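With CSV, C-alpha atoms inside, this is protein.csv:
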chain,number,residue,atom,x,y,z
A,58,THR,CA,2.1,3.8,-3.8
A,59,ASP,CA,-0.1,5.1,-6.7
A,60,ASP,CA,-1.6,7.7,-4.4
A,61,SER,CA,-5.0,5.9,-4.3
A,62,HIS,CA,-6.8,5.8,-1.0
A,63,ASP,CA,-7.1,2.1,0.0
A,64,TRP,CA,-8.0,1.6,3.6
A,65,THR,CA,-6.7,-2.0,3.5
A,66,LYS,CA,-3.1,-1.0,2.5
A,67,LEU,CA,-0.2,1.0,3.7
A,68,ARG,CA,3.0,2.3,1.9
A,69,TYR,CA,6.5,2.5,3.3
A,70,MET,CA,10.0,3.4,2.1
A,71,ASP,CA,12.0,0.5,0.7
A,72,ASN,CA,15.5,1.6,-0.3
A,73,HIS,CA,14.6,4.5,-2.7
A,74,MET,CA,11.0,3.8,-3.7
A,75,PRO,CA,7.7,3.5,-1.8
A,76,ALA,CA,6.2,0.0,-1.5
A,77,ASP,CA,2.8,-1.2,-0.4
A,78,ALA,CA,2.0,-3.5,2.5
A,79,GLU,CA,-1.0,-5.1,4.2
A,80,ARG,CA,-2.8,-3.0,6.8
A,81,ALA,CA,-4.2,-6.1,8.5
A,82,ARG,CA,-0.7,-6.9,9.8
A,83,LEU,CA,0.0,-3.5,11.4
A,84,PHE,CA,0.2,-4.0,15.2
A,85,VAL,CA,0.8,-1.8,18.2
A,86,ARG,CA,2.0,-3.2,21.6
A,87,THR,CA,2.8,-1.7,25.0
A,88,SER,CA,3.0,-4.7,27.3
A,89,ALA,CA,0.1,-6.6,25.7
A,90,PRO,CA,-1.4,-6.2,22.2
A,91,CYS,CA,-3.4,-3.0,21.8
A,92,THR,CA,-6.4,-2.2,19.7
A,93,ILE,CA,-6.0,0.3,16.8
A,94,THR,CA,-9.2,2.3,16.7
A,95,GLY,CA,-8.3,4.5,13.8
A,96,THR,CA,-5.5,5.1,11.2
A,97,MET,CA,-4.9,7.7,8.6
A,98,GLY,CA,-1.8,9.3,7.1
A,99,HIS,CA,1.1,9.1,9.5
A,100,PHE,CA,-1.0,8.8,12.6
A,101,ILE,CA,-2.5,5.9,14.6
A,102,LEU,CA,-5.0,5.8,17.4
A,103,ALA,CA,-4.5,3.0,19.9
A,104,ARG,CA,-6.1,2.1,23.2
A,105,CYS,CA,-3.1,0.6,24.8
A,106,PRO,CA,-2.9,-1.1,28.2
A,107,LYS,CA,-0.6,0.2,31.0
A,108,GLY,CA,3.1,-0.3,30.3
A,109,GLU,CA,6.5,1.3,30.0
B,5,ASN,CA,-24.8,-35.6,25.8
B,6,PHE,CA,-25.7,-32.7,23.4
B,7,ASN,CA,-29.3,-33.8,22.8
B,8,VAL,CA,-30.4,-31.0,25.2
B,9,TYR,CA,-29.1,-28.4,22.6
B,10,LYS,CA,-31.5,-29.5,19.8
B,11,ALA,CA,-34.3,-27.2,21.0
B,12,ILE,CA,-32.2,-24.1,21.9
B,13,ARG,CA,-30.0,-21.6,20.1
B,14,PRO,CA,-27.5,-18.9,20.7
B,15,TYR,CA,-28.5,-15.3,21.2
B,16,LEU,CA,-27.3,-11.7,21.2
B,17,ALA,CA,-27.0,-9.6,24.4
B,18,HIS,CA,-25.6,-6.3,25.5
B,19,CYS,CA,-21.9,-5.9,26.1
B,20,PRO,CA,-20.3,-3.1,28.2
B,21,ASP,CA,-17.2,-3.0,26.0
B,22,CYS,CA,-16.7,-4.5,22.5
B,23,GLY,CA,-13.0,-3.9,22.5
B,24,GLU,CA,-13.1,-0.2,21.9
B,25,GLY,CA,-14.7,1.3,25.0
B,26,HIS,CA,-18.2,1.3,23.5
B,27,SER,CA,-21.3,-0.8,24.1
B,28,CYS,CA,-22.6,-3.0,21.3
B,29,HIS,CA,-24.7,-6.1,21.3
B,30,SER,CA,-22.4,-9.1,20.8
B,31,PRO,CA,-22.8,-12.7,19.8
B,32,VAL,CA,-20.3,-13.3,22.7
B,33,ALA,CA,-22.0,-12.0,25.9
B,34,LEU,CA,-20.4,-12.7,29.2
B,35,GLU,CA,-23.2,-14.0,31.4
B,36,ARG,CA,-21.5,-15.3,34.6
B,37,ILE,CA,-18.0,-16.1,35.5
B,38,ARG,CA,-17.7,-18.6,38.4
B,39,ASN,CA,-14.3,-19.3,40.0
B,40,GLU,CA,-15.4,-21.6,42.8
B,41,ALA,CA,-12.6,-24.0,42.2
B,42,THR,CA,-9.6,-23.5,44.5
B,43,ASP,CA,-7.0,-24.3,41.8
B,44,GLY,CA,-7.8,-21.2,39.7
B,45,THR,CA,-9.8,-22.9,36.9
B,46,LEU,CA,-12.5,-20.6,35.6
B,47,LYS,CA,-15.9,-21.7,34.2
B,48,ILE,CA,-17.3,-19.1,31.9
B,49,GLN,CA,-20.8,-18.9,30.5
B,50,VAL,CA,-21.2,-17.2,27.1
B,51,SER,CA,-23.9,-16.7,24.5
B,52,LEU,CA,-22.3,-19.0,21.9
B,53,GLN,CA,-22.8,-22.8,21.7
B,54,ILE,CA,-19.5,-24.5,21.3
B,55,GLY,CA,-19.1,-28.0,19.9
B,56,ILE,CA,-22.5,-28.0,18.0
B,57,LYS,CA,-23.2,-26.5,14.6

Representation of the structure as structure tokens:
Amino acid sequence: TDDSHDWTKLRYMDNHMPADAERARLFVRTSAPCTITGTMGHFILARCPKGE
Amino acid sequence: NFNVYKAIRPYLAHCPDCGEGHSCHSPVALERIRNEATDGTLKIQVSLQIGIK
């Protein structure tokens, strides 16, 4: 939230003010859990298995 | 019995895929997967040594 680059944290909108959260609990899934190779800003890189 | 494991230790070995589509030497190296049992049980050989510290 304080505009500091911390690779272990992420911020999100809660009501009207941004709030921090733990990056280690960010997950992506397609039909099985995927692997998040890289993250930055709004964008995520994931190597997901086949799914719909 | 685990007395046979007193003289031996785990090791590192090559791995075709370390979870990201790249090759890195891993403490878990998949040596040989044998599925000879007819009920689907797998016996897996890995570089670790489980049950002994």

Inset, instruction - Please write as a PyMOL selection string the list of polymer residues whose atoms come within 10 Å of (1.3, 9.4, 8.1), counting all atoms listed in the file and keeping to the coordinates of the file. - result: chain A and resi 67-69+96-101

Inset, instruction - Compile the residues of chain B that lie within 9 Å of chain A, evaluated using all atoms listed in the file, and express the compilation as a ChimeraX atom specification. - result: /B:23-25

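Taking atom CA of residue 54 of chain B as the reference point, atom CA of residue 39 of chain B is found at 20.1 Å.
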
Inset, instruction - May I have the residues within 9 Å of residue 14 of chain B as a PyMOL selection string, using all atoms listed in the file and disregarding those fewer than 2 positions away in the same chain? - result: chain B and resi 12+16+31+51-53

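Distance annotation: of B:33, B:9, B:28, B:38, the residue with the minimal separation from residue 50 of chain B is B:33; atom set is only C-alpha atoms.
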
Would you kindly return, as an mmCIF file with C-alpha atoms, in the coordinates of the input, each protein, DNA or RNA residue with an atom no farther than 12 Å from any atom of residue 27 of chain B, considering only C-alpha atoms and excluding same-chain residues fewer than 6 positions away?
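Final output, out.cif:
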data_model
loop_
_atom_site.group_PDB
_atom_site.id
_atom_site.type_symbol
_atom_site.label_atom_id
_atom_site.label_comp_id
_atom_site.auth_asym_id
_atom_site.auth_seq_id
_atom_site.Cartn_x
_atom_site.Cartn_y
_atom_site.Cartn_z
ATOM 1 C CA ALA B 17 -27.000 -9.600 24.400
ATOM 2 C CA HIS B 18 -25.600 -6.300 25.500
ATOM 3 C CA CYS B 19 -21.900 -5.900 26.100
ATOM 4 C CA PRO B 20 -20.300 -3.100 28.200
ATOM 5 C CA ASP B 21 -17.200 -3.000 26.000
ATOM 6 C CA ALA B 33 -22.000 -12.000 25.900
#

Inset, instruction - Compile the contact shell of residue 88 of chain A as a ChimeraX atom specification: residues with an atom at most 10 Å away, counting all atoms listed in the file, same-chain residues fewer than 6 positions apart removed. - result: /A:105-109

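The coordinates place atom CA of residue 65 of chain A at 26.1 Å from atom CA of residue 32 of chain B.
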
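In terms of minimum interatomic distance to residue 8 of chain B, B:56 ranks closest within B:22, B:41, B:56, B:46, counting all atoms listed in the file.
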
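Pairwise distance (atom CA of residue 30 of chain B, atom CA of residue 7 of chain B) equals 25.7 Å.
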